[PDB]
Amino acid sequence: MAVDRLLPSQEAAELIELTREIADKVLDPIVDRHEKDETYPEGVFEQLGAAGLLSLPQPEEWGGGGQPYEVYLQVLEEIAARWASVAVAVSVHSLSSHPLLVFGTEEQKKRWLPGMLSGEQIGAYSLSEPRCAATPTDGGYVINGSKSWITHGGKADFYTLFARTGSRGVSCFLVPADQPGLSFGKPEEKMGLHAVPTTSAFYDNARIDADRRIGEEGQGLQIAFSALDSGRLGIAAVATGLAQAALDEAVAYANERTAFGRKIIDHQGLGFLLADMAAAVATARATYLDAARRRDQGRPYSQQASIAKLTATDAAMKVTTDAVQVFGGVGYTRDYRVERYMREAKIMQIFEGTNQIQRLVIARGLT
């Protein structure tokens, strides 16, 4: 009943089985309770970290696994099938370390990367706003202004920040949890995806060392643009895992429940609905792996990653809406998980670039 996967090696299959074993004993027994109460899973990230699952695609020299995206994306997909909000946070952690790895000095990487990729820390990514500025000073910078929609806000070990210093008018910072002048608003009240908090930040004459600026002064916009494709790939794989979870529920229910003297899967009309869901899940998985396989070969994959995010998140919204339908009246109650999965899928159409903005990007790439 588990997905039959296309994998490059024996060691990759054994990584998949390891993820499935940890997810089923650390994630599955606690997910419904924490999402209902909107409480934080303390200690869950440490256990994922110790099994090597928080630093899979980063180079081994810096303490990562050096796994390709074709393998890493599928592990992410397996996590999301058990707990979507935790999978989103695992993806955010990968992006949070990208500036230092790609643009940091040799001195900066020896100082901080081992710690970031040890499995004991968790990172957050901070660029969105509701005009946040860093002004020069002796030996560094002073920060003033506001930030919005930070995943893991208030709970992370470190924060990646973008702040104004025209074209080359932006700069990137590695900000520590203990930063003087830094505070966080209350967690947002959302329709779903409750466990990992989402918060805004406020900087009040916050002073920072020059040694925490990542890359050259003005290199900000280039740094942030360099991480778009990888983020969209992350969310494509998360949406695919939630679509798979909703499909597994419906398939199981349609093989037990009966009406008019037969199992409901045996009514041809209902069978066709289930068939469209399964085709949409398999098309979304095929599309993200095709982009992944380009990235692993050092080929351009920018158009392909926008297509993958678009395809996968539209698929999840359609499949979860249809899984409630398969259940009937009980599917509309909290005795089952399908109502929660439908609430989680809607926000995937919106973040990491809205789907309208994905269509715009694809268009500009044909003009």
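From 1 onward, residues are counted along the sequence shown.
TODO: Scan the PDB entry between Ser200 and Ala201 and report the missing deposited residues as one of none, 1 to 3, 4 to 9, 10 or more.
DONE: Gap between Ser200 and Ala201: none.
Open item on the list: If I compare the deposited sequence with the modelled residues, how many are absent between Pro130 and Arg131: none, 1 to 3, 4 to 9, or 10 or more?
Closed with: In the record, 4 to 9 residues between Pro130 and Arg131 lack coordinates.
Open item on the list: Regarding 60 to 68 and 323 to 331, which shows the higher C-alpha temperature factor on average in the entry?
Closed with: Between 60 to 68 and 323 to 331, it is 60 to 68.
Open item on the list: Can you tell me whether 117 to 125 has a higher mean C-alpha B factor than 232 to 240 in this record, or the other way round?
Closed with: Higher mean C-alpha B-factor in the PDB entry: 117 to 125.
Task: Selection by C-alpha B-factor (highest) of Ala246, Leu273, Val142, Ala278 - done: If I rank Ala246, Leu273, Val142, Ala278 by C-alpha B-factor, first place goes to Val142.
Task: Out of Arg285, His93, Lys186, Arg82, residue topping the C-alpha B-factor column of the entry - done: Out of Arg285, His93, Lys186, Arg82, the record gives the largest C-alpha B-factor to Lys186.
Open item on the list: Split into thirds by Cα B-factor across the chain's modelled residues, where does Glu14 land: lowest, middle or highest?
Closed with: Its C-alpha B-factor belongs to the middle third of this chain's values.
Open item on the list: Per the entry's values, where does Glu339 land by CA temperature factor relative to the rest of its chain, in the lowest, middle or highest third?
Closed with: Its C-alpha B-factor, which the entry lists for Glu339, ranks in the lowest third among residues of this chain.
TODO: Classify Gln179 as lowest, middle or highest third according to the C-alpha B-factor given in the PDB entry, relative to its own chain.
DONE: According to the entry, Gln179 has a C-alpha B-factor in the chain's highest third.
TODO: Within this chain's modelled residues, let me know which third the CA B factor of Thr165 belongs to: lowest, middle or highest.
DONE: Highest third of the chain for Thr165's C-alpha B-factor.
Open item on the list: Ranking the modelled residues of this chain by C-alpha B-factor as given in the entry, is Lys36 in the lowest, middle or highest third?
Closed with: Tercile = middle for this residue's CA B-factor.
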